[PDB]
Each structure stands twice: as structure tokens, then as C-alpha cells.
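For reference, the structure discussed in these notes is given below.
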Protein chains: 2
Amino acid sequence: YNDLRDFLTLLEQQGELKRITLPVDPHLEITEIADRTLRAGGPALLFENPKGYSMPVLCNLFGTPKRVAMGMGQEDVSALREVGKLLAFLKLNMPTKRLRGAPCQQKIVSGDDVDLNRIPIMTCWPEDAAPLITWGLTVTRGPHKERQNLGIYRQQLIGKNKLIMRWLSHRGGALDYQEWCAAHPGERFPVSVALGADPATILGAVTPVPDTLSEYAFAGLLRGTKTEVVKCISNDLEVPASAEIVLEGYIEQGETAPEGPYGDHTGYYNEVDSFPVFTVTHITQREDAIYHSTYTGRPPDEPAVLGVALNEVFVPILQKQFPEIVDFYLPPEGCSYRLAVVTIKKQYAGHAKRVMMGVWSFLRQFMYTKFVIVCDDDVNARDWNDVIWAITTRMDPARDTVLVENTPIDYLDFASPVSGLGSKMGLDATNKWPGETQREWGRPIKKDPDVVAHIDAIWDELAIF
Amino acid sequence: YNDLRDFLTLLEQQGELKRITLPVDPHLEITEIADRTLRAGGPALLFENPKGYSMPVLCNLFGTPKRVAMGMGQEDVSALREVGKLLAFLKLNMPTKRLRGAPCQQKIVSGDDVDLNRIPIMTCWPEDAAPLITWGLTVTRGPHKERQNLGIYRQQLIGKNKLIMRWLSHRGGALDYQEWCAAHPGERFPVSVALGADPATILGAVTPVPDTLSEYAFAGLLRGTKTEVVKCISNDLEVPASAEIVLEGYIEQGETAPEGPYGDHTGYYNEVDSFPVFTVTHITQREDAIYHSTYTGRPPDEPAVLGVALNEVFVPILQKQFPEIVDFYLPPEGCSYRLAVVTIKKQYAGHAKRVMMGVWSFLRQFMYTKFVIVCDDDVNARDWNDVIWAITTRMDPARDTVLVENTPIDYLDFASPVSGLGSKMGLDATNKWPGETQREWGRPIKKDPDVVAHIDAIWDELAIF
Ligand SMILES: Cc1cc2c3c(c1C)C(C)(C)C[C@@H](S(=O)(=O)O)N3c1c([nH]c(=O)[nH]c1=O)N2C[C@H](O)[C@H](O)[C@H](O)COP(=O)(O)O
Ligand SMILES: Cc1cc2c3c(c1C)C(C)(C)C[C@@H](S(=O)(=O)O)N3c1c([nH]c(=O)[nH]c1=O)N2C[C@H](O)[C@H](O)[C@H](O)COP(=O)(O)O
Ligand SMILES: [Mn+2]
Ligand SMILES: [Mn+2]
Ligand code: NA
Ligand code: NA
């Protein structure tokens, strides 16, 4: 049973983890280093000497697709499709295995001794409001079901023992709190946050499994074995046994604070807004604890790399429903969800429009996708050279562009004319069939597969690079 | 194990079947009688004295929703939802049970003795080209899988032993033939047609189960027990053992004939077009055989009543995917598939547009739906009084109407500007939320549920009708 430390050791053995011994400030400096590293496809980073703290800081953990795959016990990135086929069936789901004691409760501090300032929480960007916890697995139960939800919600530092809990309103945690409030007026909402759990639990948390299902159960499937957990000290929630740090506490009903501004995955600052305050009553950690952090900003960043790997998970679920779809890609440059390229084997006139509507309606994660480009299967959706080629040789813009007004949009997307409402554009860049055009359509250049394969065979020997 | 005769007996016991002893021509007259009957919600009809023939003619079998439900061993129409929940799982599927001999092979004629003119095939409308077989279960195998498909394809009489097989190109039968042609050039394609099988097999044939699955397997689930079949005399296809008449034969490759014109379910004549010729080498029947027929025309007709009952089957499959959908209805007046009314519990601004796109993309049977009206849950989708009310009080036409051009359309729909391509219109007739309007939206009149229930209780006693 591999905890996070075992994963770091595996990475180090493979030249995928660098230990930095120079002094580096968690205030801005770590982010700059991680950003350059991620942008060059470099390793994960363990800062052994954060200025002013004793606890090392781990970041860029999932900065490459490879390391995301490795984190689910797979060799490489195309095994994620198989995990998609699995995620299909969940639309006896294995419980947690509760241990009696756990490394994450080796050192405990509570009440007045709680001081989040001892932790090397990072400040990512110059106009961010305060240090920000970015890799916390927040654990919650609602009043109506037993399911334990895990989500990653950014958490601003506002005191020795107070964090702001920034869950957006459709999240498991947020819905649990909302229901708790209705069902138990004025009663404190217990919550716990785990930092540095095992990679399967972390990845399970971020995968959009249905609200009905504990993210712990999914992590179990990725791992091959039940998720090892421990009961929290001050509530009935369970956290991963191997976690490096655990924060336990509650939300006082009605207590809120102005959150931000903070730089986002879109590359802009979010403006101030109100979210609940999480009061921390306990902090439990391992001996020699490691603090796991990250940053979001202009893409690409670690979340976006995560999000490309998790798109591979969705391809099979889309293909079950639309078997005409050969590939489906959300470029990290499009802020991970705002633009999709879809390639199909077109079977009839107007086919592309059915596929656009399918992307905009079938799965909720794509409901806010503003641009959808549809192409034939002779295009590689992951290469702008092919996609722009297809756009500029197979479209008449007015004929082949679909615009739909007054559709749901992310309320933080400031480019829509009104908060929560905007338009969508689909580009039909498929070959046009009789009926769709009265011209003689061009015959595209296809490569000889025998020549392709032969050159694959001698590629390394040719040694051009 | 209930064959068709057992079903007719059940209907007769319940005042749901009328035997007509007067002489009635299968040329036009039966259709006129059945049409008036169906339009008044009357019984199924057994014409014991068809002018010029000895074999009784059964029609309007499924002319009411009740009789469709009865035909699946259920009390009434809301049990069809449960069959939808079942049809979901199919996206060990029980085989057929093959008997050694069967009532449908009591009387056999083959080769030169085959004479389809002895059968009281109906001519439905005055400008129809020739008598037309309308309730044949066509049975086919393809070369690549073992699955036996069942479909209802209209069949024009063109000789003592020749019928035209009018399968449209996306049908199981048509795809099987097409593949047979590629895989075995010039070899005859064996085919068999069963008339008057048991209701579960008939309904199973018409239900859109995936191409991968034999319609026999589905009939088995509806029935509770494996479908009883018999091997055909001149091929390896199996037909239902209780069938009244079976036609066996083949399609000669390249043999085609001009089909039609024939009146359609749209209320217009289809123009002439070419389809394959089915050469009949055998006709097998029961002693005292009954000929099962129907007609299509301006709706409503029997197919359309079938199609409303089978929509109840889809509601659950839509609700699995879009749990916001409260009801989903395709009016028979809209030619059964061209217009949908959908009611939702709206949860955010722009929600209606996601639902429209879902109807146009999720299931293939709704891919050609040209109009989609979306409303809130205080509307009964089945009552034009509520739907028009919603349209005229909750829409600004230019703001709330979505038009999409160049989408797939039925090639027989002559109203689209080009064959196979046309536009779609969605009407967002939901209550508009802040963001979608800056006005003060009206507060609708809701009834008191206690008053409703009280009046339900005394309704019969009040005796107004
Ligand atoms: C991996 C990750 C994810 C997330 C986030 C972050 C990371 C690293 C951080 C904290 C760095 C950045 C923000 S941000 O991308 O919104 O700017 N963050 C985040 C947020 N979801 C959310 O509601 N608030 C958040 O604050 N998301 C997404 C969220 O955690 C994810 O959608 C979960 O699957 C939601 O789980 P459920 O609530 O559906 O169970
Ligand atoms: C119940 C019924 C159905 C059908 C039909 C008829 C009836 C009575 C008749 C013969 C009266 C009328 C025509 S019509 O509605 O197209 O005008 N008919 C029919 C036709 N499907 C088809 O390809 N050709 C047809 O000729 N359909 C629909 C088809 O049989 C149905 O879609 C099956 O589910 C197709 O099965 P698969 O090929 O998908 O396995
Ligand atoms: Mn969840
Ligand atoms: Mn079929
Ligand atoms: Na989650
Ligand atoms: Na069928």
C-alpha cells in the first residue's frame, strides 16, 4: 500500500523529482521556479529549505502527464482510457478500510496551540490577498446520505486558526453545507482537510464522479485496494491514514469573509467575494511532514495538466454515446474547459451539428464550453496545424458557424455580457457533402501508411535530433 | 405462453374487440372503418367477411394506449416506464426457444403454388399504387454477427410471388442486406416475414433496441419468458412459432422495383422510389389463419398510437441523463417525431438551451425533431392549453427562439430546402431569471393541492358527465 512518500521515492529513482536545497521563499519565489519548470516539462520539486520554515514544500507533483499516469499505478497516459471505461459502469462500490491509528496523527496540536502560520503556505502571485492553501482534500458529509465527498477548494489564510473555504456552489462540499444548514439551523458543520494523501486519493478527489459516490471508492478502484483511512479526532469524518497534515474543525453558520483577490487558472485575478470561514480546532501531522502545494495561473499550470489527463478518461464515455467520435480534446490554452476540438467519422449531412449539441449537453463538465470545433478524422485534434488547416479549407464562415445565444456560462467569466449567461459558437469544419455545398469538394492528400511505418522504423537510427 | 389468438380472446372478453360480419373490401373500405374507429378510441377490429377472401382481417390492434399496455402483459400505460428502466441496462441476454414443429407450418405452399393474391392484403388510400403489407415482421441475419433483427418494413405487391422490401437505409434489415452484398457478391439474401406473431414479439420488433441485440431477446423480457420460435423451412432464420402466416424467400442481388406512391404517416403521398424485390418461395400458415394489417396516414393512426406509448419507454432513459426533465412528449399531431415538448425544473439561467441540445443529440430517435418547446414543471406537456399559455406568456420570440441551420433532416421531409438538410427551432418558454430579463417576472397562479385532492375525491359523485 503506497503512500505519498513511496510515490516520491519512485519518482526520485526515475529522475522525476528534484530536491532543492537553496533557500526559497514560499512568498512568490516557489511559484516562479515551479512555473519555469512546468513550462519545460521538468520534474516534480521538493523544496527542502523554504525560507522561514522547517517543513519541506512539494509542488509540481503532477506537472507532466506521465506523472499523472504513474500516480494511478499505470505506465503511461493511454491507460487512462481504461479508467474511463470503468467510470462508465458507476453511471458493491468498495468502502474505506479504517485503521485503528495512523501516521497522520503522530503529532497533534489543538485549541489555542493551532497556528497555521507555522506551515509554509504559499503566496502565488504579487497581488494575491494572502497565503493560500491549494492542495487540500476537503472531506464532508451531508445530512441525508452517508457518502464522504472529497474536493479541492482553495483556502485563504485569515488567522492563526481560520481559513476561508472557497467551494463554488455546485460542489459536493458546498451542497453538503447548504443542506446541513437547512436541516440543523445554527449547528456547526464539521469539516476536515487532508494534505499530502496518496496519489490515488488525490486524483480520485479531482475526478468528477457523481455526487452519489464517495471519491474514496473511486480511489480504491484506481489503486486496486480499499483506501486506508483513520477517524478524525474531533468528528466522525475519515481522512487518509498516510496524509502528511490534516486540519480538523468546523464552519460556524453565518460566518463569512471576503475572499481574494486571487489569480486563477484563467490567468486573471478573481475579484473579492464572500465565502464561509473554516475554524481549525486541530492540526495533526506526520513526523517530518511535507507540505504539498501548487498554484494556478495563466496556463499551462499543474491543474491544467491534470485536466488534460482527465480528458482521456472522458473520451470513452463520449464514444459510448457517440461512436462517431474518434477524438475529443480540450486544449490547456483554452483555460482547460472553454474550447473543445472534436473529430468524427461523418456519416451524413449535418452530422457536425449533432456532435456540437452533444458536447454542449451530454456531460456537465462541458456545459460551459464556449467554442467547439468539429473536424473529420484525417485531422489530429491536438495539433493546431491540422485544426487551422481544416477550419480555413473546409469552412465558409457564415454558412458553417453556429451561434447560440443566452446559454449557461460560468459566472466568473467576465467576457459574457451578463453574469451567468452568454453565447456559444460551434465551427463545422467537416468536409461538406452534397446538399451542404453544390461545389466539387477537394480530394485531400493522404499519406501512404507503408511509408509512414517504414519511417517510424528508421526514425531513431536517422538521428535528426 | 400467450400467442396472438389468446390476446384476441382477452380483448374480446373486455369489450376491446369487435367482429364485423358485414362484407368489407380490403380495397379502401377497411381503412375507412378503422380510421373512424381509431379516431373515436374504439376497439380492435376483426373483419370476418372480407370481400373476395376467406381469411379474416385484423386491424386496429394497437389503436389505443391501453391495448398497447395489455400487449405487454401490463394493466395500463404507466407500466411502460418500468420497461424503459429495463431498456436502459441493455445500454446474459436471453435467446429464443426453438420448437421442433409449429402451428405456423400447418399449411405450406411453395414454388409455383405461391400466390400472394389469395391473401386479403389491404389497399389503404385511393392513389396508393397497389396492395400493401403493413404488419410484417421482417427477419434477417447479417454476415458478421448472429443476431436476428426484426423490423416492420412496408411491402408492396408486385406479383404472385414478389414483394418490394421497403426498408429505409439505417434499418437492421437494410444494413444486413448491404453487408451481405459486400461479403458474398451475387449470392441470394435469405429473408423471412412473420404476420400475426404474439404481441410481445410485435412490440419488441418496433422498439428501437440497439442493432447489436435481437429484438427476440427484448420480447422475452417483456413477456417474462423466452420467445418460442421455429426454424424456417428454406433457410436458417427462426420465426415465431405462433405466427399466423410466414413468408419465406430471398432477395436476388441487384433486383429492384419502383415502389409507391403510398400514403405515409405524415398524411402525404411518398413519391416513387426504388427498393429491393423480395421473392417469396414459401408461404406457411395456420389452420384458420388471420391476416394482421394496418394503415398509416394523417395522424392519428395506429403507428402513432404505438409511438406515443413507446415514448413513455424513453422518458426514464432521458431522465437518467437529464434528471431535470419532468416530462417529455412527442404529440401524435406532429407526425410522431417532429415536435417535442419538454418540461423541466429549471436550475440556472440558460438551462432550457442545454435541454434542447440534449433532445437533439442524446438519442437518435430524436435527431430529426425540428421543433422543441421547453417549459417549466407547472405546465402539462400533453395539453396545448398549458403549452400555448407558456409560449405566449413566457417568451419574447426573438430573444427566446433558437434557430440552428444545416442540421440532419429526414430525406422524405419535403419542407426542408434541400434533401437531408434543414433547420431546427427551439422555443425557450421557461420562466426567465435575473440575467435573462431585467423585468419583474409574473407570479403564476398555483392551485391549492388540498382542494384538488378533495375535488378528485368527490368527482365521480358530482356526476357532471
Ligand atoms: C485540482 C484543483 C482543483 C480545484 C482547485 C485547485 C486545484 C489544484 C486550486 C485550489 C489550486 C485552484 C482552484 S481554482 O482552479 O478554482 O482557481 N481550485 C478550486 C476548485 N473547485 C472549487 O470549487 N474551488 C476551488 O477553489 N477546483 C476543482 C475542484 O476541486 C474539482 O472540480 C473537484 O472535482 C470538485 O469535487 P466535488 O465538489 O465535485 O466533489
Ligand atoms: C409499426 C410500423 C413501423 C414502420 C412502418 C409501419 C408500421 C406499421 C408501416 C408499414 C405501416 C408503415 C411504414 S412507414 O411508417 O414508413 O410509412 N413502416 C416502415 C417502417 N420503417 C421502415 O424502414 N420502412 C417502413 O415502411 N416503420 C418503422 C420500423 O419498422 C421501426 O423503426 C423498427 O423499429 C425498425 O427496426 P430496426 O430496423 O431498427 O431493427
Ligand atoms: Mn464529489
Ligand atoms: Mn433492430
Ligand atoms: Na471531488
Ligand atoms: Na426493430
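Bear in mind that the values in this text are calculations on the coordinates, not laboratory data. All Cβ positions, even for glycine, are placed from backbone atoms using ideal geometry, and neighbour counts span all protein chains on display.
Of the residues that sit in segment A:426-465 and are among the aromatic types (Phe, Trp, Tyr) and within 18 Å of residue A:347 (Cβ to Cβ), which one is surrounded by the fewest Cβ atoms within 10 Å (Cβ to Cβ)? Once the filter is applied, the top-ranked residue is A:441.
Every residue in segment B:188-224 that is on the phi > 0 side of the Ramachandran plot and buried (at least 24 other Cβ atoms within 10 Å of the Cβ), please. Result: B:196, single match.
For segment B:226-275, a residue qualifies if it is under 20 Å from residue B:149 (Cβ atoms), assigned to a loop (DSSP other than H, G, I, E, B) and polar (S, T, N, Q), and the qualifying residues are B:227, B:234, B:235, B:242.
Among the residues of segment B:356-412, just one is within 14 Å of another protein chain (Cβ to nearest Cβ), polar (S, T, N, Q), out of contact with any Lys or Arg (no Cβ under 8 Å at 6 or more places or on another chain) and under 18 Å from residue B:327 (Cα atoms), namely B:365. Restricting attention to segment A:204-225 and to residues that are in a loop (DSSP other than H, G, I, E, B) and within 13 Å of ligand 5 (Cβ to nearest atom), the residue that is farthest from the chain's Cα centre (by Cα) turns out to be A:212. Does at least one position in segment A:388-401 carry a residue that is among the aromatic types (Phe, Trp, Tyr) and under 22 Å from the mean Cα position of the chain (by Cα)? For segment A:388-401, residues among the aromatic types (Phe, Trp, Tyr) and under 22 Å from the mean Cα position of the chain (by Cα): absent.
Considering only segment A:322-339, I want to know if a residue exists there that is of a type in the set (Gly, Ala, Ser), closer than 23 Å to residue A:420 by Cα and surrounded by 22 or more Cβ atoms within 10 Å (Cβ to Cβ).
Filtering segment A:322-339 down to residues of a type in the set (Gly, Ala, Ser) leaves A:334, A:336.
Going one step further and asking which of them are closer than 23 Å to residue A:420 by Cα, we end up with A:334, A:336.
Adding the requirement that they be surrounded by 22 or more Cβ atoms within 10 Å (Cβ to Cβ) leaves A:336.
Yes, there is a match, as at least one residue in segment A:322-339 is of a type in the set (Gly, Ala, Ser), closer than 23 Å to residue A:420 by Cα and surrounded by 22 or more Cβ atoms within 10 Å (Cβ to Cβ).
Return yes or no: is residue A:345 at the interface with chain B (Cβ under 9 Å from one of its Cβ atoms) and over 23 Å from residue A:266 (Cβ atoms)? In short, no. The residue pairs whose first member lies in segment A:402-413 and is of a type in the set (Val, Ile, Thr), whose second member is part of a loop (DSSP other than H, G, I, E, B), and whose beta carbons are closer than 8 Å, counting only pairs six or more residues apart or on different chains, are A:407/B:350; A:409/A:368; A:409/A:370; A:409/A:416; A:409/A:420; A:409/B:350.
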